[PDB]
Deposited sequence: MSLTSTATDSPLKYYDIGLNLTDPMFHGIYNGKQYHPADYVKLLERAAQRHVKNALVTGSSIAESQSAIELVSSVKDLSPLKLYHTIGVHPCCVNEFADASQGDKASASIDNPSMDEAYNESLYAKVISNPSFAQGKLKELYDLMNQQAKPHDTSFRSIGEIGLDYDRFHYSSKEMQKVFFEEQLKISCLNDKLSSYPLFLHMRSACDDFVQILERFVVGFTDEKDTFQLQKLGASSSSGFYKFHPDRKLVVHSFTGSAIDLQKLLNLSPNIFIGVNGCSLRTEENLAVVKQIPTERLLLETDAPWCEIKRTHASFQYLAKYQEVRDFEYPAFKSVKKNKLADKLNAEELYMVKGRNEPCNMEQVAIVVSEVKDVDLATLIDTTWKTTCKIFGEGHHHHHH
């Protein structure tokens, strides 16, 4: 009995609402999307939040489908490096100095974020299960400066430690092309440090001490990993509680596959990053799907796939259809097949280990 837990479902993405390049092509089909995923053994998924507004959208979307989704949906709350300007070329570069000069607005935004996390963490049965996406993305300095990324990654890490309930939440971390700086910031929280200055006045919102340290059981999930073998070793050595998320983007080249082979199997989590990270014929991963198609009775794609302008007419019918170019959580099974072949770990074995590990982290 196979079970998948997609830790990277971008369910708020406009493509899942029928919008492509800013144009609506079909009615939103996310309930049918969830039905497709359930049919392909996806039991649970974590819906990503990337800003205060997007986290609020995720809260509301998950609530809106609680009685319609055959998947159990959880979500994150956090502000991604894309979006840290909401706490605050010429404009982006100017912001850090302006925040330091007058931190009052940022102080209020950090309070708003803390308050949201606490509100959502309240109920015993809450769908809010992880703080993130937070981290660093040095491929996106056109969205935010390095200084703004580093400061607001760190302030969010502090918030995630501010009380006992949040301190236990696993972190859903973003890292792209920023390994050394990402490790440098996290290492201070792994070992512990004292924030005397408290520029953003967080200690006004569990201890007067100013001492920040991750709980020894807090899990640290590095989403959508595509780094080098050297980067991987830096992450694994940071903490035994570092986990590595693997999706189709993590499997594109032979180098990527070699790196994935080195991830300890019990520290590997599976995700689609849907609607992104489709496993394509031009990827080194495809050969394993080809093998499964040929020798193992595997259906690729999992359901008929049509162009975006052809989906709408299919939506009254009972049969389920995908959109060409739009990845989905029902493609978890493809990631699992590839990882199992790359690692020479029996497929059912891999699925079982990843399922149990993911459930322990997120619930």
**Report entry** Deposited-sequence stretches lacking C-alpha coordinates, listed in sequence order
**Finding:** 1 to 10, 99 to 116, 234 to 235, 394 to 401
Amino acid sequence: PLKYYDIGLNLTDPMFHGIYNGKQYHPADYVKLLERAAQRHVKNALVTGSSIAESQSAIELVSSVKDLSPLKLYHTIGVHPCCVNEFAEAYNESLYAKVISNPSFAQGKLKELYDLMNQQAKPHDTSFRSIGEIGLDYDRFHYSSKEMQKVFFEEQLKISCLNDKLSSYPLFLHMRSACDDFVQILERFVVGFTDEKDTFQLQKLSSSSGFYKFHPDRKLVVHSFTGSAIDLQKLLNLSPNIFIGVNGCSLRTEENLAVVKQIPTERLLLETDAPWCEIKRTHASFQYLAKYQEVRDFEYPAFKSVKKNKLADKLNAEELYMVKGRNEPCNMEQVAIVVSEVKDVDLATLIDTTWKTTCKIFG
From here on, numbers count along this sequence of modelled residues.
Requested in this report: Tell me which of 274 to 282 and 101 to 109 has the higher mean C-alpha B-factor in the deposited entry.
Outcome: 101 to 109
Query - Per the entry, higher mean C-alpha B factor between 89 to 97 and 139 to 147 - result: 89 to 97
Query raised in the report: Looking at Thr265, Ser206, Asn247, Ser130, which has the biggest Cα B factor in the entry?
Result: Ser206
Query raised in the report: Whose CA atom has the top B-factor in the entry, of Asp181, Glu187, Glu154, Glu254?
Result: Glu254
Query raised in the report: Relative to the other modelled residues in the chain, which third contains the C-alpha temperature factor of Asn316: lowest, middle or highest?
Result: highest
Report task. Pull the Cα B-factor of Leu289 out of the PDB entry and bin it into the chain's lowest, middle or highest third. Result -> highest
Report summary line: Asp29: CA B-factor among chain residues, third -> middle
Requested in this report: Using the B-factors in the PDB entry, rank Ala302's C-alpha atom against the chain and give the third, lowest, middle or highest.
Outcome: highest
**Report entry** Chain third (lowest, middle, highest) by recorded CA B-factor, residue given as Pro170
**Finding:** lowest
